[PDB]
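A closer look at the structure
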Amino acid sequence: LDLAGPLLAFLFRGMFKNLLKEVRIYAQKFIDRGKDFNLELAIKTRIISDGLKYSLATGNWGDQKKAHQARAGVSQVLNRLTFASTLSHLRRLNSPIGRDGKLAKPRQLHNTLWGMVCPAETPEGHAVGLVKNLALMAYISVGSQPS
Amino acid sequence: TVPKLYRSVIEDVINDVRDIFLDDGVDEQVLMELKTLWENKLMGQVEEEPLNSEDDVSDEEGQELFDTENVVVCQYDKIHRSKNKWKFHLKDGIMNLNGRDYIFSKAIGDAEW
Amino acid sequence: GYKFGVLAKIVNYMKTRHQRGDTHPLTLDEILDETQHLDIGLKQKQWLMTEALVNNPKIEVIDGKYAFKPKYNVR
Amino acid sequence: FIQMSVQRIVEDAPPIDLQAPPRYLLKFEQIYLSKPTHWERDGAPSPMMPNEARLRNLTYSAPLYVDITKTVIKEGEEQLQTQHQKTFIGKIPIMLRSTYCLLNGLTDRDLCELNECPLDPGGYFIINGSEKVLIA
Amino acid sequence: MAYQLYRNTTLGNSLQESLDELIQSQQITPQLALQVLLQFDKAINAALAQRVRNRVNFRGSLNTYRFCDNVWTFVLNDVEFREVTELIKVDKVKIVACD
Amino acid sequence: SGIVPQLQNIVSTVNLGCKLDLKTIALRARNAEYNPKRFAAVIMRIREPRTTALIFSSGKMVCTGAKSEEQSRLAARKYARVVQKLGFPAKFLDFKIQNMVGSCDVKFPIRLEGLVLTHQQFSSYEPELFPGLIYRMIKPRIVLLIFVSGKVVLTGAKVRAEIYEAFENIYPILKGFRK
Amino acid sequence: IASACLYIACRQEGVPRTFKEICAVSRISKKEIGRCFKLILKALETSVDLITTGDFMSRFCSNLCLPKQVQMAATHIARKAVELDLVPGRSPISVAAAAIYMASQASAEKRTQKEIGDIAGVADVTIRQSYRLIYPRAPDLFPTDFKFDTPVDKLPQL
Amino acid sequence: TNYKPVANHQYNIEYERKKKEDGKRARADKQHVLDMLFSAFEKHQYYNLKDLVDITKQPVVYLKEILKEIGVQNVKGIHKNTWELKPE
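All residue numbers start from 1 on each chain and follow the order of its written sequence rather than the entry's numbering, and residues without coordinates are excluded. Chain labels run from A onward and ligand labels from 1 onward, assigned in the order the entries are written. Shown here: chains from a larger assembly, with each value referring to the shown part only. Only heavy atoms go into the side-chain values, all of them from the structure, while hydrogens and water stay out.

Deposited coordinates in this entry are attributed by the record to cryo-EM, at a stated resolution of 4.5 Å.

1. A short note on the overall build of chain C
What counts, and what does not: The helix and strand labels rest on DSSP assignments: H or I over at least four residues marks a helix, E over at least two residues marks a strand, and numbering proceeds from the N terminus. Exposed residues in this analysis have more than 50% of their type's maximum accessible area, buried residues have under 20%, and partly exposed residues fall in between, with area computed by a 1.4 Å probe over protein chains only. Note on contacts: a residue pair is in contact if any heavy atoms of the two residues lie within 4.5 Å. Here, Shrake-Rupley sampling with a 1.4 Å probe gives the accessible areas, and only protein chains in the shown set may cover a residue. Only four residue types enter the charge count, namely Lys and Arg as positive and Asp and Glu as negative; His and the chain termini do not. Charge positions come from single atoms, namely NZ of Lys, CZ of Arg, CG of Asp or CD of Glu.
Along the backbone of chain C there are three helices and two strands. Traced from its N-terminal end to its C-terminal end, chain C shows the element sequence α-α-α-β-β. Out of the 75 residues in chain C, the part that is buried amounts to 36%. Contacts in chain C between residues at least 24 apart in sequence constitute 51% of all its contacts with a sequence separation of at least 6. When the accessible surface of chain C is summed, it comes to about 4,900 Å², and 58% of that surface belongs to carbon and sulfur atoms. Each charge class in chain C can be summarised by its mean position, and for the 12 positive and 9 negative side chains these summaries are 6 Å apart.

2. Regarding a positive patch on the surface
The cut-off we apply is this: Like charges within 9 Å and nonpolar side chains (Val, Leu, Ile, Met, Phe, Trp, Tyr) within 5 Å are joined into patches, using only residues over 30% in relative accessible area that form no salt bridge. Counted as salt bridges are all cases of a side-chain nitrogen of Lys or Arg within 4 Å of a carboxyl oxygen of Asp or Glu.
Together, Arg81(B), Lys83(B), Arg38(F), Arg50(F) and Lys67(F) make up a region of like positive charge exposed at the surface. The topology assignment puts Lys67(F) in the loop between β5 (60-66) and α2 (69-85). Using a relative accessible area of 40% as the deciding quantity, one classes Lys67(F) as partly exposed.

3. Let's talk about the packing of helix α6 (residues 92-106) of chain G against helix α7 (residues 113-120) of chain G
Residue and element names in this part refer to chain G. Cut-off, in case you're wondering: Here the axes come from fitting lines to C-alpha atoms, over the contacting stretch only for helices, and the angles between their N-to-C directions go from 0 to 180 degrees. What makes a crossing left-handed is the near helix being turned counterclockwise from the far one by less than a right angle; a clockwise turn instead makes it right-handed. In this count, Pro and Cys sit with the nonpolar residues alongside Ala, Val, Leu, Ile, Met, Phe, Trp and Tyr, while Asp, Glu, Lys and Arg are called charged and the others, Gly among them, polar.
Here α6 crosses α7 at 145 degrees, and the two axes come no closer than 10 Å. Here α6 runs over α7; the crossing is right-handed. Judged by residue contacts, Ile 93, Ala 97, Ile 100 and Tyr 101 of α6 engage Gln 113, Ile 116 and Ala 120 from α7. By residue class, the composition of the contact of α6 with α7 is six nonpolar, one polar and no charged.

4. Describing the interface of chain E and chain B
Accessible area lost on assembly of the parts is the figure often given for the size of an interface. Our working definition: What gets called buried area is simply the loss in accessible area from a 1.4 Å probe that two parts show on being joined, summed for both. In protein, a polar contact means a hydrogen-donor-capable atom and an acceptor-capable atom, both N or O and within 3.5 Å, with residues adjacent in sequence counting only if both atoms are side-chain atoms; elsewhere, any N or O pair within 3.5 Å suffices.
With 58 residues of chain E in contact, the opposing surface of chain B contributes 56 residues. When chain E packs against chain B, the two sides together hide about 5,300 Å² of surface, and 63% of this comes from carbon and sulfur. For the pair chain E and chain B, the number of links is five salt bridges. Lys92(E) serves as the salt-bridge partner of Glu69(B), at 3.6 Å between the closest nitrogen and oxygen. Where chain E packs against chain B, one counts 23 residue pairs in polar contact. At the level of elements, α1 (10-25), α2 (30-51), β1 (55-64), β2 (71-82) and β3 (87-98) of chain E are the ones that each hand at least two residues to the side of chain E that touches chain B. Of the residues forming the side of chain E that touches chain B, the biggest block, 11 residues, is contributed by α2(E).

5. Regarding the nonpolar core
The line we're drawing: Put simply, a nonpolar core is a bunch of buried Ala, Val, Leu, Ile, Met, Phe, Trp, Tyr and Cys residues held in one set by side-chain atoms that sit within 4.5 Å of each other.
Judged by nonpolar contacts, the single largest core of 64 residues is most densely connected at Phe12(A), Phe16(A) and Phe37(A). Of the residues forming this core, the biggest block, 15 residues, is contributed by helix α1 (residues 4-33) of chain A. The next biggest cluster of nonpolar side chains, apart from the first, holds 38 residues, and it includes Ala97(G), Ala98(G), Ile134(G) and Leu155(G).

6. Focus on the UniProt feature "binding site: DNA" in chain B
All names here are of chain B. How we decide: UniProt positions are given in the numbering used here, feature names are shortened, and annotations may be inferred rather than shown by experiment.
Those residues carrying the UniProt feature "binding site: DNA" are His 80 and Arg 81 in this numbering. Considering the arrangement of structural elements, one finds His 80 in strand β1 (residues 70-82). On the basis of relative accessible area, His 80 is assigned to the partly exposed category, the value being 43%. Not counting residues up to four positions away in its chain, the partners in contact with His 80 are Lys 85, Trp 86 and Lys 87. In terms of polar contacts, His 80 uses its side chain to reach the side chain of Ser 82, at 3.3 Å. Among the structural elements, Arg 81 can be located in strand β1.

7. Description of a negative patch on the surface
The grouping of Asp55(B), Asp56(B), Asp59(B), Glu60(B) and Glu61(B) at the surface amounts to a negative patch. Following the sequence through the fold, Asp56(B) ends up in the loop between α2 (29-42) and α3 (62-66).

This is the structure in structure tokens:
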């Protein structure tokens, strides 16, 4: 399960690659002209800022230029109709749709979901079995070094 | 002091000209003879076109022609002037004052025009 | 490089002579003295005389002494 | 993410090598993150409460700073190393009730004084005043 | 083919006179004399640059100045060359500078 | 008003009508300097008029530093005569006063803030860039630098009449902002 | 042109930024920015209200992390000094920096001349000159209901 | 402490100082410029104008005039059309 952390880590890695790219370009122009360059002027803060903000706002997970291949629906407006709805939305899971899903249908209650995913909670319609909710005591590992 | 610097300069000059004397195929005795002789020698006008209306608007130009007075030859790093005064960062050079020679590294000068 | 810009300089000197107006042809050695080409080797001068002077269209040869052709340019 | 991944990504980013002769090397060393802040039109920074962000359609983001060491080798046998401390590189949206949110470690009374429901679990972002939740 | 500053001084004049004597005696060719002058210019420039480590000061008034091809030709009057060890007085001086 | 601006510097251009050799002029002139790397003209100075003139290879010369129109004309003629004595066919053609600078004091502090508020259309006061207020008079095409100390400097004038007229125009305005 | 337009936009919106502040974010120098600013004003045939010391107080005090009371004291000091004409011809930024230094030295949160100059874009020497001009009348300049951690008499003399 | 107000950037003032100290390239005499050009052609058969300007240390317009007088631009199928220092 890719939670807020790993997803934001992917986006941030992309945006930092970008940031260093524009830093290289800006510094290279001045170096070619033979004049030293100002590091502060070399940095574009809008890269990281607007990238994170746009991803989280629109939900298209990726660069705004690559929206065609950017995952959609990752970020949603928090449901505040009821406290239970808010909690369920914050503990929601989303199944993928692609080669893996086509080859094996995730629209089913697999035995392994015991204690990990609520067996009753699931939207009715086209999303049956694709949107899931964590069990009450289910916990997702945050990760640590294997050293 | 200055004579000692002169002797060191003699050594440098002879060492520097040895290779040229070998390149040109000339015998080395020329350098010895040169050093000997060198040491011995040392020790309403509406129609304004005519400019003749004014005369004696210059000074005597014979100072540069003579050059007999004391002469300083050096190199300059910075020379600044602010509307009245001339300022001089003259670096290492030589001076010929009253025949006696002076040697310096940093020379600072202020003059008025 | 060696022995090319000197030839270019000689040809330029010929144009300068023609801005002067001296129709009388001049000796190559005298041209070298005027252009400070004494330092250059004699063999390069001989190769120039045998090949490059004749190849140059502007240059002409009269009574064993080389100069421009007063006929080529319009008068 | 904030504690491990951002710093690790910055560290793993290869040093920037430039040359076109003198050559410059840029290395990003340390990550610094301040509390979520909002700048008024006059330019005065001030802490941004999540309720204020919700009401004013602001983004609950924290300024991000990196320590950047620039070393220039002039080919003259001397290299000049200058360190820019806490160069601002952008803002990261902050998940509410996280360790880096202003409502961290605050007692229920403090949340009430800040007009924040103690029962609110956080875990979401306020982007342009809209509470956005990242679906796993 | 060098800076050619110290030729018009006591040292350069003595060297030139000696070369003239050898030329009159046919002992040396004029090309050799010119080469000797060039080598002397190099050596003297290096020697003054390296073995001189004393600072001097001076003050006075300026009567004329000229500049061309990075060559200053100042002409001062009533100059006082002041040094920590000694002070020298001169009625007029001509300062030729190059770089 | 009882106050008359006094000229501090006059700029005048005159064509000598003949091409010149800047290197030769630099080598033979007395006080001339020539740095083609720095500037393309030859800068010469004459102490008795106490002025500086730039001479170009095109034969046109600019004289500055003259405190009076007569001084400017005489200095230009002297520079032309020096160039002529250097052997060139220098003449004195179309001598003109391109710009005049004058200075004066109103003898009272001025509220530049009120002045700019009243005359924003002609005023420009930027303490960050320059402490003196710049006033662009229209009827005379004169630029006035007014300072809180009361000093006023007028520039852009072609004739002394423009300087005096500009000061006469500005003085009543300044008197209304006396501090 | 863009930097000068940004400066003009700040002035017109009423939150002016110093030419030095704009240069810090623009690769263009302060002189060029000012020249382009003058040319832009002439081209637009418009004008910008004269900057006052109070315009920069909020930003300078916030960047120095001074209390609201100290910011109010500095603003009052600068405004009163301008009213009394104790700093004629002095730049508003310099006057504001001097007032901020006075208030900081009179309050618990004390900031050095170098610090205030760093934030305000003004040399410590200029701050010294303005502060020396306003120092004799510091009790008059200070607000009536100000809690002096350091008494006005014992303020630094320089 | 970021983006502290500054009258002029350190790199900008250093570059301006370098430019002022170096000074603009001067227009030398045609004879000397021509001799230097001929010497350069001896070292290399083909020269680009940008590097030839560095070698000659002359104004671009003046150098282009002198080079148009004698040398000729040849169009190449490899990189681009460049000057040829051979008069013919």
